[PDB]
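The chain below stands alone and is given as C-alpha cells, in the form deposited without the DNA.
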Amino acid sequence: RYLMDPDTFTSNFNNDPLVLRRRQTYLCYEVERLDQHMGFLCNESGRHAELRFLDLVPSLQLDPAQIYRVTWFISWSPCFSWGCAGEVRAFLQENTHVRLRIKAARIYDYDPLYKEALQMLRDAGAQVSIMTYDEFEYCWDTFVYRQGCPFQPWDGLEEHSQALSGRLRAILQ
C-alpha cells in the first residue's frame, strides 16, 4: 500500500475549527471482514473522495455472502449539496452486507445542508463520529510514510476533538 507524505497528513487532518481551509478532503479507508483492503483517496477533478471510494468497491471483490465493516478516517464530514451523502446512502441500501463507520476530523459546514448529510447518513446506518487523538495517531501509524517516527500532536488536538464531537452529537441527537 502506498503511504502518504507526512506533511500532507498534518495539513489535511489538523482539526482546528477556526482555520479557513481549502475544500480538499483526504479519506483513509480500511475494510474488515466479519479481506483487509486499505488505502487513501482525495478529491480529484470535481469527484469527491467519498464517491471515488464507492467507485473502487467493485475492485475489492467483496463476497455478497460475507459481512464487512468499512471504516473511513476522513478529514471533512461528507457534503449534501454535491451528492456525496446521497450516493453513500444509495450504496448502503444496495449493499446491506456492508456496515460503514465514518470518523471525521472536521465538520464540513461550508455546505448549507451539512446537518442533513450527517442526519441522513446516520438514518441509513452509518456510524458517524469525530476523530480523537487515538484515531489520529492510528492513522499516522498506518497510512503515513513516517519512517518509524511517532505521531506528534498539533496544538489543542484534544480540545478541538471534544468541541467538534459535542457539536456533532447535538446535530444527531
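Residue positions are given as counts along the sequence shown, with the first one as 1.
One more form of this protein, deposited with the DNA bound, exists but is not displayed; see below.
Q: Name the residue from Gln119, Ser129, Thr132, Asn43 that puts a heavy atom within 4.5 Å of the DNA in the bound PDB entry.
A: In short, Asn43.
Q: Here the chain is shown alone; which of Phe143, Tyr108, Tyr29, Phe136 has a heavy atom within 4.5 Å of the DNA in the bound PDB entry?
A: After the contact test, the surviving option is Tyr108.
Q: Heavy atoms within 4.5 Å of the DNA in the bound PDB entry: does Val70 have any?
A: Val70 lies outside the contact set for the DNA.
Q: Please tell me whether any heavy atom belonging to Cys79 falls inside 4.5 Å of a heavy atom of the DNA, as the geometry stands in the bound PDB entry.
A: Yes, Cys79 sits close enough to the DNA in the bound PDB entry that at least one of its heavy atoms falls within 4.5 Å.
Q: Quick check for you: of 46 to 54, 143 to 151, 119 to 127, 62 to 70, which stretch puts a non-hydrogen atom within 4.5 Å of the DNA in the bound PDB entry?
A: Only one stretch passes the 4.5 Å heavy-atom test: 46 to 54.
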